[PDB]
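Q: structure for the following, please:
(one chain, ligands or ions: 7)
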Amino acid sequence: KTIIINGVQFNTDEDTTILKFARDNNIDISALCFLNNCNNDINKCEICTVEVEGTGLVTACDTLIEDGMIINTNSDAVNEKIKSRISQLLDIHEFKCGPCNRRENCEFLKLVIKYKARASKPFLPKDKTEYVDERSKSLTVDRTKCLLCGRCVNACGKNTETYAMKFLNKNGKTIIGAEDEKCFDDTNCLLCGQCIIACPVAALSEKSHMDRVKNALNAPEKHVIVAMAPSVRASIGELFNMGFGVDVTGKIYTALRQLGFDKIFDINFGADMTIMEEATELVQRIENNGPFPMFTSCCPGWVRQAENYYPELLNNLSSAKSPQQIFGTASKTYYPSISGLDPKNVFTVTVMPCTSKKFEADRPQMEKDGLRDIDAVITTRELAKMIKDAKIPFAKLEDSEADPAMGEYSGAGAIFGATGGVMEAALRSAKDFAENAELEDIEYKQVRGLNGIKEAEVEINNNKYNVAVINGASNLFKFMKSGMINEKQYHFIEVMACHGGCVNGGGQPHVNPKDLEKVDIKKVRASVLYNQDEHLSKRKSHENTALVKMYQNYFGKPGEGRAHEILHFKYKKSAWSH
Ligand code: SF4
Ligand code: SF4
Ligand code: SF4
Ligand code: SF4
Ligand code: FES
Ligand SMILES: [Mg+2]
Ligand SMILES: [Mg+2]
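A: Numbering: from 1, shown residues only. Ligands and ions are numbered 1, 2, ... in the order given. Below you will find the coordinate block:
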């Protein structure tokens, strides 16, 4: 068919929207509420307005192209409409970009500038108490920024299928929030933060821990440990104009030292620990025959999903603590034993791509003798802001190393941040443990990739077992509801709340819709992790020399005695009541 756009003739056969056809042909059309192939069906922002000859003004983001169409995207009538919509949004938006946390990458600000729009009356409330919800340990809402674009609502539905984020009618006004306007933590919400990643403005944010950290750094008697997650070294560089998929590991260690942290360790070291305990546990359940299947328990998003939707599976979860929590436990016990520090004075901080990790760290029972496993969790975004505030030229920094005692990590622990990572890492150790050997081929590419549900047959000690990798909370629901759990006998299953793995977590850097269609962010970030695994001398968790001497000198045998006593954590369904 034939269509005219701004005087240019196109002969196409494709059946698609005006917006996406224009994007494919270097024609600029603005958009706001359109994301993940969905717009706000109930309250269209109409930023994507174009003019179709013979019809009038139409929304390009949900209008299909058709033969005989003559389209104009930059007429005066079009621009007047768009500018008007942005103006109306400014009438309900506290326009103070100064101290805003989305100052450097806000979609709305760029639209205001582009169309040079202004408010009819500047929205200025001098008491944001009614507009702000900070009850959650993971999420925060500022409704002075909310455009009601519904992107959070759609994102939650598609990613989790919980629909925990909803449109609400608060006193006759329309808002977004949790069920019955409750605290998110008190609902079926997973605290995965996918609603944040979809937010075009600073309406949705993580619960800040930056004050916890700064007060600890300035406390004379406090010894502050810092340790980053796998995905951070593959991501944070984006917020310093370094592009995508840049390994900035060495730069982070340097920046963390200039920030004043007293010790530089790594969560990947803790990931090797989780494997030591979990791989041991897998071999245990084999010889004891069950309980099968065993589910991973390192994702607090999936834990909450199980607790809220599938409590009968809680006993099937691995007792091994998550890399963050298992690391923290050792930071307050093992680390003082080799440093002389008073355990009370140790302050453990982690850097995560995750908002759910905040809720996990503040779990009441996640402590021992009054000492928290983890005292503070800051996101990838929070660390980046901390660096810029201290005016540290991150991009120019020289590479340094972490402190080895709890900083060394194998390639197995390095790939934790990608879907199927824990699965593969665990099989590298579990296979050696059961067969009592040191195998050569350790790459399980069948469990890798962005497929929603991934299963494979593996052979452990002359016997075949079935494993599965659930990629995204929505795929867990699919996996269970469709009855795939019963089709065959599974023995070991990985579950991750965020599709793509932790590299796509809720605490990660925002990426505008434009770059997302250009870049496979989930694969580009993950590639950094796998590339480290390929070049590392040690590619098995139990070959981690620093970890070996820790177990030899302090803990003992994994899955036994002391190691089982303090490095493990069991979830149990609530007892019967009425
Ligand atoms: S949300 Fe965006 S436009 Fe609004 S104050 Fe913050 S940076 Fe400025
Ligand atoms: S919180 Fe963000 S994504 Fe949700 S409606 Fe408001 S502006 Fe849109
Ligand atoms: S944190 Fe996750 S589950 Fe909770 S509302 Fe946001 S997207 Fe939905
Ligand atoms: S997949 Fe990773 S980032 Fe996402 S909720 Fe789970 S632990 Fe957090
Ligand atoms: S982007 Fe088309 S209606 Fe919002
Ligand atoms: Mg629609
Ligand atoms: Mg200090």
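
Q: what helix or strand is residue 10 on?
A: Element membership for residue 10 (DSSP states H and E) is strand 8-11.

Q: so in that sheet, which strands flank that strand, and in what orientation?
A: The strands beside strand 8-11 in its sheet (DSSP bridges) come out as strand 2-5 (antiparallel).

Q: which residues does the partner strand contact?
A: If you take CB atoms under 8 Å, 6 or more residues apart in numbering as the criterion, strand 2-5 is touched by 9-12, 21-22, 25, 27, 65-73. (C-beta placed from N, C-alpha, C; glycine too.)

Q: just stretch 133-142 next, same as before
A: By CB under 8 Å, 6+ apart, stretch 133-142 touches 128, 131-132, 176-177, 183-185, 189, 191, 193, 195-196, 202-208, 355-356, 358-359, 362.

Q: quick one: is it near ligand 4?
A: No. Stretch 133-142 lies out of reach of ligand 4 by CB under 6 Å from any ligand atom, never closer than 9.6 Å.

Q: first-to-last residue distance for that stretch?
A: In stretch 133-142, first residue to last residue: 7 Å (CA to CA, to the nearest Å).

Q: are any of the contacts of strand 2-5 buried, and if so which?
A: Buried by 16 or more other CB atoms under 10 Å: 10, 21, 22, 27, 65, 69, 70, 71, 72, 73, out of the contacts of strand 2-5.

Q: so which of those belong to helices?
A: Counted as lying in helices by DSSP state H, out of the buried ones among the contacts of strand 2-5, are 21, 22.

Q: save the buried ones among the contacts of strand 2-5 as CSV, and put in distance to residue 447 too.
A: Shown next, in CSV, are the buried ones among the contacts of strand 2-5 (distance: CB to CB, whole Å):
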residue, distance to residue 447
10, 43
21, 37
22, 39
27, 41
65, 40
69, 46
70, 51
71, 46
72, 50
73, 45
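
Q: and the buried ones among the contacts of strand 2-5 as TSV, adding distance to ligand 4?
A: Shown next, in TSV, are those (distance: CB to the nearest ligand atom, whole Å):
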residue	distance to ligand 4
10	41
21	34
22	34
27	36
65	37
69	42
70	46
71	40
72	43
73	38
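
Q: within reach of ligand 1, which of the buried ones among the contacts of strand 2-5 are there?
A: Of the buried ones among the contacts of strand 2-5, not one also sits near ligand 1 (CB under 6 Å from any ligand atom).

Q: gap between the two ends of stretch 304-315?
A: Using CA to CA, the end-to-end distance of stretch 304-315 comes to 14 Å.

Q: mind checking how far it is from the chain centre?
A: The chain centroid and the centroid of stretch 304-315 are separated by 21 Å, computed with CA atoms, centre = their mean, to the nearest Å.

Q: so where does the closest residue to ligand 5 within the stretch 301-450 of the chain fall, helix or strand?
A: Across the stretch 301-450 of the chain, no residue is closer to ligand 5 than residue 381, which sits at 25.1 Å (CB to the nearest ligand atom). Here residue 381 sits within helix 380-389, counting by DSSP H and E.

Q: wait, does that helix contact ligand 1?
A: No. Helix 380-389 lies out of reach of ligand 1 by CB under 6 Å from any ligand atom, never closer than 13.2 Å.

Q: how about that helix: buried residues?
A: 380, 381, 382, 383, 384, 385, 386, 387.

Q: excluding covalently adjacent residues, which one is nearest to the most centrally placed residue in the chain?
A: Using CA atoms, centre = their mean, the residue of the chain that lies closest to the mean C-alpha position is residue 505, 0.8 Å off. Using CB to CB, 6 or more residues apart in numbering and skipping the chain neighbours, the partner closest in space to residue 505 is residue 353 (3.6 Å).
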